[PDB]
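Structure first, commentary second.
In the text below, chain A, chain B and the rest are named by the order of the sequence lines, each starting its count at 1. Keep in mind that the numbers below use all heavy atoms, side chains included, and drop hydrogens, waters and symmetry copies.
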Protein chains: 4
Amino acid sequence: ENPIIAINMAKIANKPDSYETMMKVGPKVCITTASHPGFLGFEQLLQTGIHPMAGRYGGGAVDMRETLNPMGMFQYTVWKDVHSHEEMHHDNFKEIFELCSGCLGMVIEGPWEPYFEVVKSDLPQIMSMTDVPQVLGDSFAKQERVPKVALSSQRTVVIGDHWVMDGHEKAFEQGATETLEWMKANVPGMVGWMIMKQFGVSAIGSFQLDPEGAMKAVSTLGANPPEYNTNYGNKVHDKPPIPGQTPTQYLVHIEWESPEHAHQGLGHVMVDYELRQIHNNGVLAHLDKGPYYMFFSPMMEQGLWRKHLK
Amino acid sequence: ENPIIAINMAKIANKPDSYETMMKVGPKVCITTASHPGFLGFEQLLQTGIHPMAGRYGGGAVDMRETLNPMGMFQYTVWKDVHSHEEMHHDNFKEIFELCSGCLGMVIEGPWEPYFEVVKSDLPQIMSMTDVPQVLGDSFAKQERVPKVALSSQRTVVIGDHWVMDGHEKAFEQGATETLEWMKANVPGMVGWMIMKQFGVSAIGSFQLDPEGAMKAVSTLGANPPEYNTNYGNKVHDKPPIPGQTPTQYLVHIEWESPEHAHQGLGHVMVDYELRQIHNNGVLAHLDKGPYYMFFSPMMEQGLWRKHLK
Amino acid sequence: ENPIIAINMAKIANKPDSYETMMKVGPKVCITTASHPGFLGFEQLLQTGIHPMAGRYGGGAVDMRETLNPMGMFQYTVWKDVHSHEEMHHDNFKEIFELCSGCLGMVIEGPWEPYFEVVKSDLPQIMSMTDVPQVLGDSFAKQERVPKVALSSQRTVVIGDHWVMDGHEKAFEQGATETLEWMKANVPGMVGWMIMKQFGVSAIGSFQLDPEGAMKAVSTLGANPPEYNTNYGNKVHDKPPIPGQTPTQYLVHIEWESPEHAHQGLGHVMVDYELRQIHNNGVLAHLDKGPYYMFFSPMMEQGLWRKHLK
Amino acid sequence: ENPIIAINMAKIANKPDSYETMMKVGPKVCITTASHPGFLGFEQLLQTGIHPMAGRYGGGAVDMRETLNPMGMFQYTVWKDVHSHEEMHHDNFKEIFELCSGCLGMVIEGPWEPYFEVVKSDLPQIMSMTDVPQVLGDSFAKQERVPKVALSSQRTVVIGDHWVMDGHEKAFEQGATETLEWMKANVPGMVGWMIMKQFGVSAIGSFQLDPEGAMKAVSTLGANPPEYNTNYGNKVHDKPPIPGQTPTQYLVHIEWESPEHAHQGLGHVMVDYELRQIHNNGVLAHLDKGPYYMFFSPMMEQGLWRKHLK
Ligand SMILES: [Fe+3]
Ligand SMILES: [Fe+3]
Ligand SMILES: [Fe+3]
Ligand SMILES: [Fe+3]
């Protein structure tokens with residue numbers, strides 16, 4: 001099972017009111033989403049900082065939790081296919097509109113919800129500390145490898161934004177794969193990774209309605225939604241209505257034990273000679289833009305989608 | 001061996017004095033209880049909060065330790081049979097009356113002590129961190145499965161209150177079992193579970209005496225107990241004197257690594273599509289009341305009773 | 001005319017926001033309720049404490065207004081019959097859902113809404129001080145007995161929770177009657193009384209929906225209600241869908257001039273020999289649980305239902 | 001290897017100055033002791049509290065670190081035989097005298113240094129967290145049982161003082177053995193145990209000199225020691241010069257993960273029916289005095305003596 005991942009990207013005000021509405025409205029959006037049989041899971045990621053990359057982004061820091069405003073908020077929803085996500089949005093349009101109408105009071109930019117293909121991954125199941133002895137015992141019984149420990153809602157997620165030169169997509173994919181496999185084998189605290197390729201955008205999920213829907217959307221506080229409609233019509237799409245951007249965007253999702261392991265870990269592409277060659281030739285040579293690494297904390301996860309990858 | 005569980009339910013004042021008397025008198029009652037050969041163990045549970053269930057109980061919170069008053073206090077005592085518990089209460093009536101007379105100064109509601117049958121369970125033995133390597137080694141030697149780690153007095157116990165529709169008891173038992181097994185296989189930090197069915201109540205354990213005994217009970221500070229007697233007479237009963245309530249009450253006992261794991265873990269019946277179908281059709285469809293989940297911390301435990309379940 | 005009383009029982013957070021939402025939304029619910037021709041009146045009761053009963057509940061107090069959290073909130077709605085209440089809930093389901101969706105942010109437990117039969121009563125009409133001279137004169141004119149003065153929203157309501165042993169219902173009713181008639185003749189400040197017998201529960205009124213309705217109820221902030229439906233179907237019932245609990249619950253409703261009169265007055269079942277014999281043999285001898293007395297202040301009242309009792 | 005343990009028992013002032021002289025002088029004494037080939041290791045134990053034993057010692061507490069003054073200080077030195085300890089004391093008499101002369105400024109009672117036989121033990125080797133995976137792997141390789149984890153200078157040591165009735169010594173040893181073996185199999189956080197029998201006292205180690213030596217001992221600040229001599233003369237003894245006390249003293253040394261595990265764990269001899277019979281009949285039935293349990297922290301350990309026990 002190679003699912004599709006829709007990533008709802010927003011930048012929200014960094015103030016206590018925003019954390020309150022995320023804890024009150026967030027669960028309700030996930031509950032509505034999980035009414036659909038194609039829904040496989042989610043990751044709610046709150047930005048905590050960036051990788052300064054040895055001064056390339058010297059105004060930032062690994063830990064900007066006190067200073068970042070707006071802060072990024074990424075919601076992965078994981079689906080059997082694009083149609084399931086678009087259909088869920090259509091079937092629950094009124095209710096999601098009512099909910100997101102609450103969220104818009106903290107929104108500074110977005111939402112923008114691209115669809116991503118999981119090109120390749122090595123992501124363990126999430127678990128807790130008290131699960132580890134049984135996971136260990138089960139692995140020996142099944143003669144399977146014990147995974148890296150991905151602590152549920154207790155680890156660091158890093159996302160590297162890459163724009164890849166036209167025609168370099170495959171070279172980038174193999175080079176990123178080789179980089180990440182080396183890191184998982186050799187760098188302390190590397191929990192797992194996933195290479196994501198944007199191939200389209202959800203119009204409904206990005207609040208990109210037809211002109212009349214856009215008017216009605218601000219003519220209400222949430223109780224009187226617009227009609228389901230976009231600049232691509234009002235039917236439920238099998239393929240993303242909005243084309244993927246070019247140059248092709250790849251999101252490199254890397255999980256680490258902690259922010260320090262992530263900061264020191266990503267730095268190996270500069271301070272280990274062999275990894276530097278792999279990354280320079282396999283990734284950097286193929287970029288129009290990036291890499292740029294944002295640090296996130298997983299606030300809530302429903303991680304069963306990880307159980308059926310590869 | 002499936003033992004019987006008497007659950008003494010009380011609501012006590014949340015103030016320093018209450019913690020004082022729980023540590024001074026609490027042990028003394030258990031010492032009295034452990035004189036009887038039918039006594040198998042106990043659990044002292046102090047309420048710490050509730051599951052707000054996506055705003056269904058929005059005035060509450062996972063962590064209400066500072067604001068809850070009264071706070072729930074559940075005392076499990078585990079027995080070979082009902083007769084053992086009634087006999088212990090009869091044989092030690094004067095001393096338990098003396099001890100509990102001190103405890104009534106912190107009581108706002110209760111006590112009420114129903115009897116519960118353990119319908120099904122998957123509960124590991126309790127241990128501590130420094131036991132875990134040896135438990136791992138012993139499991140492998142014995143070719144047995146390593147359990148989830150249930151840390152003695154260092155984890156979260158959640159109790160979900162369900163009233164089941166007349167005639168739906170067996171369907172509920174099968175649905176709850178299937179829900180809990182899925183959760184233990186798939187949700188991080190789920191330590192164990194137990195399904196409990198109320199089938200009667202102890203009159204003596206609930207402080208429900210005959211009228212003259214009730215008068216004498218408050219005509220003393222503890223040194224001059226009433227005669228052992230109830231509205232069901234003064235004999236030691238083989239079966240609970242007070243019938244189980246209808247609609248049938250089931251308590252779903254779930255242990256978790258922490259309050260956060262319990263909160264997010266219980267949420268999976270709403271945000272995982274597959275678990276949602278199991279729980280909706282196997283549990284929610286059979287309820288007159290609930291579910292309502294109270295969070296507890298195990299203050300003191302004598303957990304050998306867990307060793308002979310199933 | 002002996003009406004039916006639905007008592008919506010909830011426990012709410014004791015904090016300033018809860019009094020605020022009670023003042024903005026509370027009236028709106030009553031206005032919705034009064035659209036139905038079967039609606040006879042209401043009592044909004046806010047818990048102020050308990051009766052400690054000479055140390056039987058020594059952790060509580062007559063006045064717990066500052067410390068009780070959650071605090072009980074009981075709403076009586078009085079009806080010609082069960083069908084009228086169920087029909088009101090059905091016809092106004094969308095609006096009651098919108099209104100109560102707001103209240104859930106202060107709810108810690110509940111709502112649970114049982115139906116009660118008025119077994120017997122001696123309750124005066126409510127009035128104010130400036131009404132008393134005319135009530136006195138009118139009583140003399142009509143040669144009627146002058147009532148106890150029940151000051152509108154200015155007196156104490158106490159509710160005694162009793163669980164009666166199977167088969168003892170009639171003995172309890174007569175014994176409670178004799179106790180309450182003695183107290184009204186002999187105890188200072190006793191304003192009136194009513195014996196209520198639980199015979200069923202409203203599913204819709206207890207927010208106990210079918211499973212999909214339960215999911216949808218938390219998939220909205222109030223503007224997108226679930227369909228009217230329960231585990232007992234979607235028809236408007238003539239009889240309570242949910243059976244009354246067993247052992248039979250009786251609530252003894254007693255009105256008093258003030259909390260001090262209630263505390264001292266209820267104590268007469270222990271400190272007056274003659275009343276003690278009546279209450280011991282006529283009430284206490286027939287109980288599985290209780291008695292437990294909660295103290296309430298009537299916040300808002302529409303008391304015309306009292307005009308047609310007896 | 002059945003070594004003998006000399007336990008230097010003192011009570012020292014609980015004030016900052018005492019910890020300093022323990023850090024400046026403490027190591028120097030151990031270095032002197034380790035000059036002798038019969039020296040096997042040491043345990044430096046500082047009292048942190050007591051077990052109140054359900055109110056039998058209600059003035060005490062598990063944690064008395066701020067209030068105990070004086071506080072117990074027990075120094076185990078472990079020897080191939082009595083002669084080795086006496087010879088070390090003789091060969092280093094001047095230097096030990098100089099060092100201990102400094103220690104006497106914090107001494108309120110003691111030192112008293114009895115000799116103990118290790119009657120039976122189940123004591124693991126000490127290790128640290130970062131050793132645990134390798135100890136686990138080594139245990140599987142050698143087909144051996146994984147031990148309880150005894151963290152070096154990071155766990156709780158409890159000592160139970162028992163005076164045994166004349167003629168009951170062997171029965172006490174068996175009953176204590178049965179108690180401890182049950183606890184280690186069944187009680188969370190029990191790291192290990194050792195049963196120690198006092199069979200003599202060192203005169204030199206207890207600072208019990210001949211009368212002229214006692215005079216000179218206080219006629220100096222440490223630089224002019226008395227001649228090596230006692231009320232048993234000035235030879236190096238093969239056997240303890242001072243007889244063991246009667247009634248025979250036994251010290252039950254039990255190691256626990258933490259004070260909470262020790263407190264709850266020891267309580268099982270009262271709150272578990274089966275262990276209660278074992279301890280009542282096997283231990284309590286044979287005592288003139290006790291049990292009295294003091295809580296200690298191991299401040300410094302040289303634990304290789306544990307490696308050759310059993
Ligand atoms: Fe979406
Ligand atoms: Fe009991
Ligand atoms: Fe209602
Ligand atoms: Fe010595």
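- For B:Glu301, the salt bridge (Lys or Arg N to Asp or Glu O under 4.0 Å) partners at least two apart in sequence or on another chain are B:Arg155.
- By the salt bridge (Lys or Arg N to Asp or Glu O under 4.0 Å) test, D:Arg306 pairs with D:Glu43, D:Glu255, sequence neighbours left out.
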Inset, instruction - Apply side chain to side chain contact (heavy atoms under 4.5 Å, CB included) to the pair D:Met22 and D:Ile12, showing each step before the final yes or no. - result: CA-CA 10 Å; D:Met22 274 191 304; D:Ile12 66 179; 4.0 Å; yes
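- With a 4.5 Å cut-off on side-chain heavy atoms, D:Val82 and D:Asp238 do not count as touching.
- Smallest separation of non-hydrogen atoms from D:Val25 and D:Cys103: CG1-SG, 3.5 Å.
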Inset, instruction - Please report the C-alpha distance between D:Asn69 and D:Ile108 in whole Å, then the side-chain angles of each, then the deciding distance to 0.1 Å, and finally whether the side chain to side chain contact (heavy atoms under 4.5 Å, CB included) criterion is met. - result: CA-CA 9 Å; D:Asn69 181 64; D:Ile108 289 166; 4.2 Å; yes
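- Between D:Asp272 and D:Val187 there is no side-chain heavy-atom pair separated by less than 4.5 Å.
- Counting heavy atoms from C-beta outward, D:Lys11 and D:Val107 have side chains that stay 4.5 Å or more apart.
- Listed by chain and number, the residues in a ring pair (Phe, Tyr, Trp, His ring centres under 6.0 Å) with D:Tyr232 amount to none (sequence neighbours excluded).
- Contacts classified as salt bridge (charged side-chain N to carboxylate O under 4.0 Å, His left out) and involving residues 114-130 of chain D (residues at least two apart or in different chains) are given here: D:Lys120-D:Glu181, D:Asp122-D:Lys184.
- Rounding to the nearest 0.5 angstrom, the gap separating the CE atom in D:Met299 from the OG1 atom in D:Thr48 is 10.0 Å.
- Between D:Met53 and D:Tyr292, the closest side-chain pair of non-hydrogen atoms is not below 4.5 Å.
- Rounding to the nearest 0.5 angstrom, the gap separating the CG atom in D:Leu68 from the CD1 atom in D:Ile50 is 9.0 Å.
- One distance of note links CG of D:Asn92 with CD1 of D:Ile31; it measures 12.0 Å at 0.5 Å rounding.
- Note on ring orientation: taking the six-membered ring where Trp is involved, the planes of D:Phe74 and D:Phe296 are tilted (angle from 30° to 60°).
- Using a 4.5 Å cut-off on side-chain heavy atoms (C-beta onward), D:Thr248 and D:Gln198 make no contact.
- Residue pairs meeting the ring-ring contact (aromatic ring centres under 6.0 Å, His included) criterion with at least one member in residues 177-201 of chain D, sequence neighbours excluded, do not occur.
- Using modelled atom types and a 3.5 Å distance limit, the side chains of D:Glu87 and D:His36 yield a donor-acceptor pair.
- Applying the ring-ring contact (aromatic ring centres under 6.0 Å, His included) rule to pairs touching residues 107-135 of chain D yields D:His85-D:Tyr115, sequence neighbours excluded.
- No side-chain donor from either of D:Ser258 and D:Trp256 sits under 3.5 Å from a side-chain acceptor of the other.
- The SG atom of B:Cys30 lies 10.5 Å from the NE2 atom of D:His268; values are rounded to the nearest 0.5 Å.
- Between B:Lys15 and B:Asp17 there is no salt bridge, since none of the side-chain N atoms of the basic residue sits less than 4.0 Å from a carboxylate O of the acidic one.
- Between D:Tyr228 and D:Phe93, the ring planes are perpendicular. Angles over 60° get that label, and only those under 30° would be called parallel.
- The line from OG1 of D:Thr33 to CD of D:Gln75 is 8.5 Å long, rounded to the nearest 0.5 Å.
- In this structure the side chain of D:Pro226 reaches within 4.5 angstrom of the side chain of D:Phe97, judged on heavy atoms.
- D:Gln264 and B:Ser152 are not linked by any side-chain donor-acceptor pair at a separation below 3.5 angstrom, with hydrogens and angles left out of the test.
- Among pairs with a residue in residues 201-223 of chain D, those fulfilling side-chain hydrogen bond (donor to acceptor under 3.5 Å, both in side chains) read D:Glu86-D:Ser202, at least two apart in sequence or across chains.
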Inset, instruction - Give the C-alpha distance, both sets of side-chain angles, the deciding distance and a yes or no for side chain to side chain contact (heavy atoms under 4.5 Å, CB included) between B:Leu46 and B:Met71. - result: CA-CA 7 Å; B:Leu46 185 64; B:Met71 64 200 320; 3.9 Å; yes
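- For the residue pair D:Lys310 and D:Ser121, a side-chain donor N or O sits within less than 3.5 Å of a side-chain acceptor on the partner.
- Within the structure, no pair that satisfies the salt bridge (charged side-chain N to carboxylate O under 4.0 Å, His left out) test touches residues 91-115 of chain D, not counting sequence neighbours.
- Atoms CD and CG, on B:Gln134 and D:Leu136 in that order, are 11.0 Å from each other to the nearest 0.5 Å.
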Legend entry - Chi angles and distances behind the side chain to side chain contact (heavy atoms under 4.5 Å, CB included) call for D:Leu123, D:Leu309: CA-CA 8 Å; D:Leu123 265 189; D:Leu309 282 170; 4.0 Å; yes
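- By the side-chain hydrogen bond (donor to acceptor under 3.5 Å, both in side chains) test, B:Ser18 pairs with no residue at all, sequence neighbours left out.
- Distance alone, capped at 3.5 Å, places no donor-acceptor pair between the D:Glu169 side chain and the D:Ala171 backbone.
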In a table with atom names and distances, give each donor-acceptor pair under 3.5 Å that connects a side chain of residues 278-290 of chain D to protein atoms at least two apart or in another chain.
from: D:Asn281; atom 1: ND2; to: D:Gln277; atom 2: O; distance (Å): 3.2
from: D:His286; atom 1: ND1; to: D:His168; atom 2: ND1; distance (Å): 2.9
from: D:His286; atom 1: NE2; to: D:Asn281; atom 2: O; distance (Å): 3.3

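- Residue D:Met294 qualifies as enclosed at atom CE: its count of foreign heavy atoms under 6.0 Å is above 12.
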Inset, instruction - Tell me, with the steps shown, if D:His263 and D:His51 meet ring pair (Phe, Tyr, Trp, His ring centres under 6.0 Å). - result: CA-CA 6 Å; D:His263 181 243; D:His51 200 297; 4.5 Å; yes
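- Listed by first and then second residue, the salt bridge (charged side-chain N to carboxylate O under 4.0 Å, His left out) pairs that reach into residues 170-179 of chain D are D:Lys170-D:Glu173, sequence neighbours excluded.
- Between D:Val158 and D:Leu266 the shortest side-chain heavy-atom distance falls below 4.5 Å.
- By the neighbour-count criterion of 12 heavy atoms within 6.0 Å, atom CE of D:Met127 is densely surrounded, having more than that number from other residues, nucleotides or ligands.
- Pairs passing the side-chain hydrogen bond (donor to acceptor under 3.5 Å, both in side chains) check and including a residue from residues 19-31 of chain D, sequence neighbours excluded, read D:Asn14-D:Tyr19.
- Side-chain contact check for D:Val135 versus B:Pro133: every heavy-atom pair is 4.5 Å or farther apart.
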